[PDB]
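Enquirer: Pasting a structure below so you can have a look.
Note that we place each Cβ from the backbone using ideal geometry, even for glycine, and neighbour counts take in every protein chain shown. Just so it is clear, none of the values below were taken in a lab; they were calculated from the coordinates.
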Number of protein chains: 2
Amino acid sequence: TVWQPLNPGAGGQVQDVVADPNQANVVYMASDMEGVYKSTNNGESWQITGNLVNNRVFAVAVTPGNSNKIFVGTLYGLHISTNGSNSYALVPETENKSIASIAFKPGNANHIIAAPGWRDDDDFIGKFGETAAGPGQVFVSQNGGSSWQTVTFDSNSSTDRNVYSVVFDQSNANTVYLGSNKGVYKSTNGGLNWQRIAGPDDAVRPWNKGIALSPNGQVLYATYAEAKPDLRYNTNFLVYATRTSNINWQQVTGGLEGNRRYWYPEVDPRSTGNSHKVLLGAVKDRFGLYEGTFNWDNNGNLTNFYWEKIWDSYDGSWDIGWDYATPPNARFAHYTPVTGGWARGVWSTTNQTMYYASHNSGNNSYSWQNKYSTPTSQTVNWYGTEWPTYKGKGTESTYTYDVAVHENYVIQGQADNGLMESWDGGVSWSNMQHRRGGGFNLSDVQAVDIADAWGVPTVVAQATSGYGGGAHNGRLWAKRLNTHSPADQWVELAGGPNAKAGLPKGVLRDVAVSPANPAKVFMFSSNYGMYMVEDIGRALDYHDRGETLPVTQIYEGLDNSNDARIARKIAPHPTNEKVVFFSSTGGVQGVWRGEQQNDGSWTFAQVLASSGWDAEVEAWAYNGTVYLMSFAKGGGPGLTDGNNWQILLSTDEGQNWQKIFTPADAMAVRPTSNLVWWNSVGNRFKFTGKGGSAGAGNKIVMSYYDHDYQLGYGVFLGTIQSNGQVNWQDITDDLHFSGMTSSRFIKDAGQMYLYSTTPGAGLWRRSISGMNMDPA
Amino acid sequence: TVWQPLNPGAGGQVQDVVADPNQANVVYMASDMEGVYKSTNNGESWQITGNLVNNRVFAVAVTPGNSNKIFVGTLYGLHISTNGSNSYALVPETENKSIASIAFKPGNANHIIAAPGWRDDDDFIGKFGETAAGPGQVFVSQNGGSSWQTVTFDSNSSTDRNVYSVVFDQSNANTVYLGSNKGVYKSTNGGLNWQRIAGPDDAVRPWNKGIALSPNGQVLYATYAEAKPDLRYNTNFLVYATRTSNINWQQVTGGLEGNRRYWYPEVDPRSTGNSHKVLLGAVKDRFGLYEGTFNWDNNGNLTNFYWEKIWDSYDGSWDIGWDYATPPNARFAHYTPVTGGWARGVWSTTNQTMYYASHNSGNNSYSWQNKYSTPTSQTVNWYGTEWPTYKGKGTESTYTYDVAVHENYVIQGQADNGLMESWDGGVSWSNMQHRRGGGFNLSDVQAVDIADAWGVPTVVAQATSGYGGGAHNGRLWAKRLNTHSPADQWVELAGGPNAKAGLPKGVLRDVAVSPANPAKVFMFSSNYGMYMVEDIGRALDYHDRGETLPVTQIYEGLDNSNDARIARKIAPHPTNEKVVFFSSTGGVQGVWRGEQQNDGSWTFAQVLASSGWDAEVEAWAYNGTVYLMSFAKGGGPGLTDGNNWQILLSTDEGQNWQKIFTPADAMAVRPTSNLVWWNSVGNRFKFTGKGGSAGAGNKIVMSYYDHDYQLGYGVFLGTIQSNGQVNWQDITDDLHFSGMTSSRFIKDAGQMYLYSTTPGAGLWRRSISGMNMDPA
Ligand SMILES: [Cl-]
Ligand SMILES: [Cl-]
Ligand SMILES: [Zn+2]
Ligand SMILES: [Zn+2]
Ligand SMILES: [Zn+2]
Ligand SMILES: [Zn+2]
């Protein structure tokens, strides 16, 4: 172990949790950014599995009778493992074909169906050139996955082809149904020829959103929806049942909440008779989880049915973990298998989490268990209630923008989850303080830093509302670390919807404290300009009186042809508080330098004609030399190399630059033999990044990453030698998701570390050896 | 400028905001109590316009191609302005005919349709004798509004005739539709002959609540409702669309919240093809604002549609202002015009407010902007969150009952908005503290005063729940002004639903502190009697221990034939704390006087046989004389003059009265030439008032106002001369809404002022010159 994770567990949208039918307590989890995790203790702890070509996983299936053979459906196609998920290989027939369901023929594990699909991730189906519209197809293997046949069930190239489920008749293994936006289809020869099943009301709601079939094969359950381009605005899915011997649908929503996106129904494999247990959650909607009971008679008539919430709002009966997400959005839900020694239970989620319910057949009760985070003995106070801090169970799937550390305190600023805070060095966390009174949540935190309020170390943060990275505005908050404990509180200083302190509403893509005067804080409001808090102690003095001290505007950026309009990273000068650098990503791009004059006025100018949306600049001092380091595209004549991002270095504050790292350097230090995905999607890979470069003392770090495909090439550490040259080494090591949004060199407990945040796998740190620092 | 407003902005139900099609950023706002406001900076600041005959405005329309010609639909009929709204004239054809929609024929601004209507104000359609039932009619002008024709489209005199919208075919200017409770009607000759369009289900929901028509004229959108007498209990309006070439409705509510009063749909004038953007809010219901997208093909089939919330609950993305009204009730919503240089945007409201959204066509995003209030640098704490105080943007539409002032602190007690508090002398305000824990809001505050708690000035208030003036109970609250800052808090002392301190549930129509002993507070519980807090400092001592000190009943009013049962205003004696006066408005009416005896008992008796629901009495001392002043109807033989309200004065505590002001006096001091409305509705005007009389030193003030028609005659100031006579002068000046609920003479910063609250336009103050006071 080299890279050390510091996360509270999970935190990203979970696609599925799949049980191994051959052995109780063995489960796999499909993440949308880090691939597949495995557990052999029913989710008490999770371990990463082998490397996939694409990490956006929609389906995992374990071969009945062979736990070593596992199939994984990803956005780029099907993978097969023959060593129990230790290693994976892309299946050539399905390359560039997103797969989201995998089903085995009952009694013949060599007969497999893998169906094109992508769950609700319509936003991502085009990342590799696919479209939602196309012929309706499935892939069928009859030799256990060595070869696959392409079967067409609909030939309309202009209609949505997403398949949501494939389900076999347990009582007649050659009968199989599929549920698709194309409709529900049936095959009586194992999936080689299909016929369409008419829906309950195809003129109005033709799209199927999942089917279920009773084990005796006699009853089909389905939900149906109107045709609309985006699930965001398609809210009412209705639930129906029909006998399969004569298609005649009846609506069976009596007892369900109205106007919900019910999907992926599923019959308990234990329902072998005329009473069927049907598990029903939904995409997006938060209502917990339903179990329905349908009592048919032997005439094929439904005597009665009833839906029961077996999971509901937070009420004290289950540990919600750190992710206070109530009611649960049960975006997947499965009964446990009847094989392998499994007990009867339910696997589900609150959306970003993993939950397992055990079942009491005496009183038909469910007991929900947190399978993503572990509470510690530390407590935080919020809503007048005490909540534990939580340490991860082995997974981490958060989009983390930035990180700051002071003594025992760590904060990572995340998308979706906002202010993620730790008071034990990053072992356990809580983000409860981001849920503010008045009904708004500080769910997007793009920058954090540590300032100085009259000698008291004070966290500063760009913290605003908005999910999925859709930050609403620039908004500056501060937390005085009086106790380095959960008792410390956040207060708002500037920005927000109310334009507090005269700070405009443009997002502060970075907030930076001056190392020379840590009371002074710089921030760049997107499309407005660069602003400054001269002394944060004075700003808090006004705040404590119920007043507000205005911020100072030091640069105006409102002209696209002449001004820098957006900044990604601000680098104050390490020793001169009247000089700052920033990387401009809007208007006139590149590294900009500003200098304050005696009358307090500033002059700004471009010092490197670079570009790139996530371009960074860093300035530090080491043994008498001030280094200026740019990670970006371009640079001008003699430096630009197409759209390749490069590391450029200057020792004279940006008047002269030297190219010290390129993609060719990266490939020589870390050959493409190290990348499982090079042969298949290397022709698409672009040498860019999400950020994550840093410099301190004699060390420099960077990471090549292409967010278009969630592909990370590697992490590279450079050592500045006594003569000026930089020698580079590969420090990727065991970091499996290596793209980086930010990196900082941080000394903790007398040892120098590299703290790095990732756009999908949270926070990691790594020991750095042989480092020299200036005494500071 | 003479009268100075002190308000946080808006605060009353907004009827519409209408853009000028000829010039970007010029807008008009229809208020229901002060007429029409105009802005030329897209709502950053608002200015009043000319005087209307009736101030309840339902519609405003700007003549295309002539920004100086403006039409205004009011409860009393149509007004026309030819000088850009600087002055108005009533249109004789529509006198006494409430108008709520005005539409111009495309390409011919001389062809105008004005439709009878009154939006949702069914409570007010009878104020001037009209009824909702009657023939369905529209007014049509073909010469730009010099003359109007009355067109009948339905002749049933017993069915509701409200028209909600009139919409032309942009592609065929002679085709026009209207949407009415009578149904949807169509004309193919510019509105001179109409035919009925059958609704989707006329046996069940025949009433139309607004229509929209695509610019190409091919698709009609509408919402339809069951026939019910009151919108309060009619909650489910369904949305439909039909091709206009063959009426065949289809329901299109998929994606909308169920059971909502969707109304006034509107197609973007930019939707010139087969994809239509439809804007949809509702009356009363709070869900934000929907934009729908309808994609038709050239066969006249709807391929798909989807509804998107472009405005939703308070989440941090927009400034809610001082009126924490979430989710928004978008009771009107309009796209900006395509002419005049307008950008694409949306004008709407949270109910009592004005909001504008700018639009980003790159990502189809909306950015909502507060266009009714302006945040300051002062903050208040509520819900554990910091909220700014807000100063008005130029409008004020609150029903304000009463006002109190102490040093920098001001409170106006309002209906709907409750405890409206200021800490900068009335510039900026916040009412957040009226939203109490446990889910009740102190939204009705009919009386406020300043008491003395052991030397600490302490606000006292009748503050209870209930909207629209429907106060639930009598309930006494107190705020110790320890800091004269938002840190001071309200505590409950007596009354309420729980009968605290033995105070009954009758509303305390007035609360009055004794000027001789400002620790002693009087209050009159409607239909129970008169009660007293002997020493409020002692009451708060019990309260701070978690206990309650009982109030003292000093007068029992439970006999309609012998007792005073309801009081409107209490006037404690200025120097003798054992004497109080009050104006009785229930049971035996008139000015009553009570005197406390040595054993603590009180004797009460009627001293002036006056009457009137809003009758007032004031007692003050000046240069050795105690003045008692009554503003009321009646008085007895030699004083009564029909139902005319008069000012009566007594210098011997009510044993002898002299008449010092009458309507004839008012008309001689302020001739009817000063009133735009005298010729049209002067025959209805009654010389009454809502209150607003006061006396202090050598000055007396009163205001004649008839709430039945929202007509204010004028404000009159009287000077008590050295010989006893009173000389009166007209001080209406620039006060456009001059009816008054309360007036107080208040010295602020060494200058004497008159603070006056109005039943619809908030709080105003005016410098008073040449005033003499007793040193107090
Ligand atoms: Cl049903
Ligand atoms: Cl529908
Ligand atoms: Zn997804
Ligand atoms: Zn940062
Ligand atoms: Zn109204
Ligand atoms: Zn009062």
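Enquirer: Looking at region B:353-388 only, could you name the residues that are over 27 Å from B:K284 (Cα atoms), hydroxyl-bearing (S, T, Y) and at the interface with another protein chain (Cβ under 8 Å from one of its Cβ atoms)?
Expert: B:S377, B:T379, B:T385
Enquirer: Quick one: in region B:340-384, which of the residues that are among the hydrophobic types (A, V, I, L, M, F, W, C) and within 21 Å of the chain's Cα centre (by Cα) is nearest to A:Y542 (Cα to Cα)?
Expert: B:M354
Enquirer: Looking at B:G288, is it among the small types (G, A, S), in contact with a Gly (Cβ under 9 Å, 6 or more places away or on another chain), under 29 Å from B:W118 (Cα atoms) and away from ligand 2 (no atom under 14 Å from the Cβ)?
Expert: yes
Enquirer: Does A:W387 qualify as being surrounded by 19 or more Cβ atoms within 10 Å (Cβ to Cβ) and within 26 Å of the chain's Cα centre (by Cα)?
Expert: Taking the combined requirement at face value, the residue satisfies it.
Enquirer: Exactly one of these conditions fails for B:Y753: (1) free of Cβ contacts under 8 Å to residues at least 60 places away in the same chain; (2) closer than 28 Å to B:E95 by Cα; (3) not β-branched (V, I, T). Give me its number.
Expert: Checking B:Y753 against (1) free of Cβ contacts under 8 Å to residues at least 60 places away in the same chain; (2) closer than 28 Å to B:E95 by Cα; (3) not β-branched (V, I, T), the one that fails is (2).
Enquirer: Would you please name the residue that is nearest to the chain's Cα centre (by Cα), looking only at residues in region A:238-276 that are β-branched (V, I, T) and more than 10 Å from ligand 1 (Cβ to nearest atom)?
Expert: First, the residues of region A:238-276 that are β-branched (V, I, T): A:239, A:242, A:244, A:247, A:252-253, A:267, A:272.
If we keep only those that are more than 10 Å from ligand 1 (Cβ to nearest atom) too, we end up with A:242, A:244, A:247, A:267, A:272.
Working: A:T242: 38, A:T244: 40, A:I247: 41, A:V267: 30, A:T272: 39 Å.
Result: A:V267.
Enquirer: So which residues in region A:281-291 are at positive phi and either touching a helix residue (DSSP H, G or I) at 6+ places or on another chain (Cβ under 6 Å) or buried (at least 19 other Cβ atoms within 10 Å of the Cβ) (or both), if there are any at all? Please lay out each step first, then the result.
Expert: Step one: of region A:281-291, the residues at positive phi are A:284, A:288.
Hit for region A:281-291 is A:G288, nothing else.
Enquirer: Could you check A:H434 against (1) surrounded by fewer than 24 Cβ atoms within 10 Å (Cβ to Cβ); (2) away from ligand 4 (no atom under 16 Å from the Cβ) and say which number it fails?
Expert: Tallying (1) surrounded by fewer than 24 Cβ atoms within 10 Å (Cβ to Cβ); (2) away from ligand 4 (no atom under 16 Å from the Cβ), A:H434 fails exactly one: (1).
Enquirer: Among the candidates B:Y627, B:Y531, single out the residue that is surrounded by 17 or more Cβ atoms within 10 Å (Cβ to Cβ), of a type in the set (S, T, Y) and touching an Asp or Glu at 6+ places or on another chain (Cβ under 9 Å). Give the steps one after another, and end with the answer.
Expert: On the way: B:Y531 fails: touching an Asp or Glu at 6+ places or on another chain (Cβ under 9 Å).
Testing whether each residue is surrounded by 17 or more Cβ atoms within 10 Å (Cβ to Cβ), of a type in the set (S, T, Y) and touching an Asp or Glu at 6+ places or on another chain (Cβ under 9 Å) leaves just B:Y627.
Okay, residues lined up against (1) buried (at least 20 other Cβ atoms within 10 Å of the Cβ); (2) in contact (Cβ under 8 Å) with a residue 40 or more places away in the chain; (3) more than 16 Å from ligand 3 (Cβ to nearest atom); (4) closer than 19 Å to B:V14 by Cα:
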| position | (1), (2), (3), (4) |
| --- | --- |
| B:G77 | yes, no, yes, yes |
| B:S87 | no, no, yes, no |
| B:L90 | yes, yes, yes, no |
| B:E93 | no, yes, yes, no |
| B:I102 | yes, yes, yes, yes |
| B:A109 | no, yes, yes, no |
| B:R119 | yes, yes, yes, yes |
| B:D122 | no, yes, yes, yes |
| B:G126 | no, no, yes, no |
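Enquirer: Inspect all residues belonging to region A:145-163 and state whether any of them is within 14 Å of chain B (Cβ to nearest Cβ), away from ligand 5 (no atom under 16 Å from the Cβ) and among the β-branched types (V, I, T).
Expert: Looking for residues that are within 14 Å of chain B (Cβ to nearest Cβ), away from ligand 5 (no atom under 16 Å from the Cβ) and among the β-branched types (V, I, T), one finds at least one in region A:145-163, hence yes.
Enquirer: I'd like the residue in region B:295-320 that is more than 9 Å from every other protein chain (Cβ to nearest Cβ) and buried (at least 20 other Cβ atoms within 10 Å of the Cβ) and, out of all such residues, is nearest to B:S348 (Cα to Cα).
Expert: Within region B:295-320, the match that is nearest to B:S348 (Cα to Cα) is B:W311.
Enquirer: Filter region A:511-527 down to residues that are hydroxyl-bearing (S, T, Y) and either within 14 Å of chain B (Cβ to nearest Cβ) or touching a residue at least 60 places away in the same chain (Cβ under 8 Å) (or both), then give me how many there are. Steps first, answer last, please.
Expert: Within region A:511-527, the subset hydroxyl-bearing (S, T, Y) is A:514, A:525-526.
The next check asks that each one be either within 14 Å of chain B (Cβ to nearest Cβ) or touching a residue at least 60 places away in the same chain (Cβ under 8 Å) (or both); those that pass are A:514, A:526.
The number of residues fulfilling the criteria is 2.
Enquirer: How about region A:409-510: which strands (runs of 3 or more DSSP E) wholly inside it have at least 1 residues that are more than 14 Å from chain B (Cβ to nearest Cβ) and more than 16 Å from ligand 1 (Cβ to nearest atom)?
Expert: Ranges flagged: A:409-414, A:418-422, A:444-453, A:456-464, A:475-480.
Enquirer: Now a separate question. If B:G600 passes every condition in (1) part of a strand (DSSP E or B); (2) surrounded by fewer than 20 Cβ atoms within 10 Å (Cβ to Cβ) but one, which one does it miss?
Expert: Failing condition for B:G600: (1).
Enquirer: Now, a different point. Looking only at residues that are of a type in the set (A, V, I, L, M) and within 17 Å of A:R196 (Cα to Cα) in region A:130-154, which one is surrounded by the most Cβ atoms within 10 Å (Cβ to Cβ)?
Expert: The selected residue is A:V138.
Enquirer: If you check every pair at least six apart or on different chains, which have Cβ atoms under 6 Å apart with a residue in region A:218-235 that is within 7 Å of chain B (Cβ to nearest Cβ) first and a residue that is crowded, with 20+ Cβ neighbours inside 10 Å and polar (S, T, N, Q) second?
Expert: Once the first residue is within 7 Å of chain B (Cβ to nearest Cβ) and sits in region A:218-235, its partners that are crowded, with 20+ Cβ neighbours inside 10 Å and polar (S, T, N, Q) give A:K228/A:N234.
Enquirer: Just to verify a result, which residue in region A:31-46, among those that are within 16 Å of ligand 3 (Cβ to nearest atom) and buried (at least 24 other Cβ atoms within 10 Å of the Cβ), is farthest from A:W342 (Cα to Cα)?
Expert: Our first condition is that a residue be within 16 Å of ligand 3 (Cβ to nearest atom); within region A:31-46, this holds for A:31-36.
Narrowing further to those that are buried (at least 24 other Cβ atoms within 10 Å of the Cβ): A:31, A:34-36.
On the way: A:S31: 23, A:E34: 27, A:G35: 25, A:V36: 21 Å.
So the residue we want is A:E34.
Enquirer: Which pairs have Cβ atoms under 8 Å, sit 6 or more apart or on different chains, and link a residue in region A:1-14 that is among the aromatic types (F, W, Y) to one that is surrounded by fewer than 24 Cβ atoms within 10 Å (Cβ to Cβ)?
Expert: Listed pairs, sorted by first residue: A:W3/A:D733; A:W3/A:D734; A:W3/A:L735; A:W3/A:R765; A:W3/A:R766.
Enquirer: Consider B:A343 carefully, then state whether it is away from chain A (no Cβ under 12 Å), of a type outside the set (S, T, Y) and surrounded by 18 or more Cβ atoms within 10 Å (Cβ to Cβ). Full working, then the answer.
Expert: On the way: away from chain A (no Cβ under 12 Å): yes; of a type outside the set (S, T, Y): yes; surrounded by 18 or more Cβ atoms within 10 Å (Cβ to Cβ): no.
No: the conditions fail for B:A343.
Enquirer: Same structure, new question: Looking at the structure I just gave you, is B:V579 surrounded by fewer than 24 Cβ atoms within 10 Å (Cβ to Cβ) and of a type in the set (V, I, T)?
Expert: Answer is yes for this residue.
Enquirer: With the condition kept exactly as written, say whether any residue in region B:22-32 is within 16 Å of ligand 5 (Cβ to nearest atom), more than 14 Å from chain A (Cβ to nearest Cβ) and touching a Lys or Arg at 6+ places or on another chain (Cβ under 6 Å). Break it down into steps so the answer makes sense when it comes.
Expert: Step one: of region B:22-32, the residues within 16 Å of ligand 5 (Cβ to nearest atom) are B:29-32.
From what's left, more than 14 Å from chain A (Cβ to nearest Cβ): B:29-32.
When the remaining residues are screened for being touching a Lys or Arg at 6+ places or on another chain (Cβ under 6 Å), the result is B:32.
Checking region B:22-32: at least one residue is within 16 Å of ligand 5 (Cβ to nearest atom), more than 14 Å from chain A (Cβ to nearest Cβ) and touching a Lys or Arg at 6+ places or on another chain (Cβ under 6 Å).
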